[PDB]
Amino acid sequence: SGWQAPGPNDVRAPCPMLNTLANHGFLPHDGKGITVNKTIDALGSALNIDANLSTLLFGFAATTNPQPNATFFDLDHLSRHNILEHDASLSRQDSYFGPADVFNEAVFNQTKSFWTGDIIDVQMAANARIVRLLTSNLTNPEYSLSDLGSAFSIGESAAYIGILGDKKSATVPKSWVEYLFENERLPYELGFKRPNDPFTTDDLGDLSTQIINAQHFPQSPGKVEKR
Ligand code: HEM
Ligand SMILES: *[C@@H]1O[C@H](CO)[C@@H](O)[C@H](O)[C@H]1NC(C)=O
Ligand SMILES: *[C@@H]1O[C@H](CO)[C@@H](O)[C@H](O)[C@H]1NC(C)=O
Ligand SMILES: [Mg+2]
C-alpha cells in the first residue's frame, strides 16, 4: 500500500523527488499530464511545499514540454538535455555518456563518498556538488552548465537538505537522502515525517546562499556559483 514501481507505459524524470511522488501517487503514477494545480496539491500534500514555490517550479517544468506555451508537462519532458536537466548531477550520468534520466550507481557512489557523517550538513552537500562539477568538466568533452542549470544545481542540493531534513539547522540524515535516491520512495520508516511549516521560495534561496557560502575555492574553476 502506498507505493508502486513504474511499469512499461509510465514515464519518469531525472528528478528523484518527482519520481518518488509519482511512485506514491501524489503525482499521476504514469508521470503524464501534470498541471499547475496538480503540482501545487501534490507537493503541498506530500512535503508541505508552498503554493508559490510549486508554481515557480511548475513554470520551469512547462518550458520542457515540446508543445509551446504548454499548461502541462510529462516527467520525461524534464529529461531533455540542457533545458532544466544538466551535467554534473549527483546521481545521474551526464547525457554525453548515457541516458541522464535514470539512477546511476557509479555517479551516486561518488556523491555518497562526500557525505562523511550520519548527518549531512551544508558543508557536505556543497562539497559533493563541487566534486561533481569538477569531475564532469575533466571527463566530459561536451560538459556544459548554463546559468539556469547552475541555479538548478545549487537549488537541488538546497532542496534535499531543506525539504527532506531540517531547514533551520540545515541538516538531514544521510540514510534518508540515500533512501530517496536509491528507492524513489519517501523514507517514512527511517523517520521522515511531512513538516508542519511550509517550505518556501525564500527558504530555498536561504539554503542556496548557505551552499555557496560553504564553497572555498582559492580561485573558482568555472561555473560554480552562478544563480
Ligand atoms: C515541480 C517541481 C520540480 C521540478 C520541476 C524539478 C525538476 C528537476 C530536474 C529537471 C532535475 C534534474 C537536474 C539534473 O540533475 O540534471 C531535478 C533534480 C533534482 N531534484 Fe527536482 N524538481 C522538482 C521538485 C523537487 C523537490 C520538491 C525536491 C525535493 C527534495 C527535488 C530534489 C531534486 C534533487 C535532489 C535533484 C538532483 C538529482 C541528481 O543530481 O542526481 N526536486 N529536479
Ligand atoms: C558502488 O559502490 C558499491 C558499494 O561499495 C559497489 O559494490 C559497487 O560496485 C560500486 N559501483 C561502481 C559502479 O563503482
Ligand atoms: C570547465 O573548466 C574550464 C577550465 O578548464 C573553465 O574555463 C570552464 O568554464 C568550465 N566549464 C563550466 C561549464 O564550468
Ligand atoms: Mg543531469
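If you're matching positions, the sequence shown starts at 25 in full-length UniProt numbering and goes up one per residue.
Positions of the beta carbon are idealized from the N, C-alpha and C atoms, including for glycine.
For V196, the enclosing beta strand (DSSP E) begins and ends at 195-197. Between the region 172-191 and the region 107-125 there are three or more inter-stretch CB-CB distances shorter than 8 angstroms, so the stretches are counted as touching. Taking 3 residues as the minimum length, the beta strand (DSSP E) runs contained wholly in the region 125-176 are 143-145, in order along the chain.
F121 and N164 have their alpha carbons spaced roughly 8 angstroms apart.
The Cβ-Cβ distance between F216 and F127 does not fall below 9 angstroms. Here the alpha carbons of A183 and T63 stand approximately 16 angstroms from one another. Judged by DSSP in its simplified three-state form, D190 adopts strand. Going by DSSP, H48 is part of the alpha helix (DSSP H) stretching over 40-48.
When DSSP states are grouped into helix, strand and coil, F82 belongs to the helix group.
Separation of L108 and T135 (C-alpha to C-alpha, rounded to the nearest whole angstrom) is 20 angstroms. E213 sits in a helix when the DSSP states are folded into three classes. Judged by the Cβ position, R36 fails to qualify as a neighbour of ligand 4 at the 8 angstroms threshold, every heavy atom of the ligand being at least this far. Using a Cβ-Cβ distance cut-off of 8 angstroms, the region 67-77 and the region 37-56 are in contact, since at least three pairs of beta carbons, one from each stretch, lie closer than that value. Residue side-chain check: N47 keeps its Cβ at 8 angstroms or more from all non-hydrogen atoms of ligand 2.
With contacts defined by Cβ atoms closer than 9 angstroms, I144 and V201 form a contacting pair.
The three-state reading of DSSP puts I107 in coil, since its state is none of H, G, I, E or B. Residue environment: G31 is assigned as exposed (fewer than 16 neighbouring CB atoms within 10 Å of its CB, all protein chains considered). Counting other Cβ atoms within 10 Å of its Cβ, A150 reaches 16 or more and is therefore classed as buried. Boundaries of the alpha helix (DSSP H) harbouring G68: 60-71, taken from the DSSP string.
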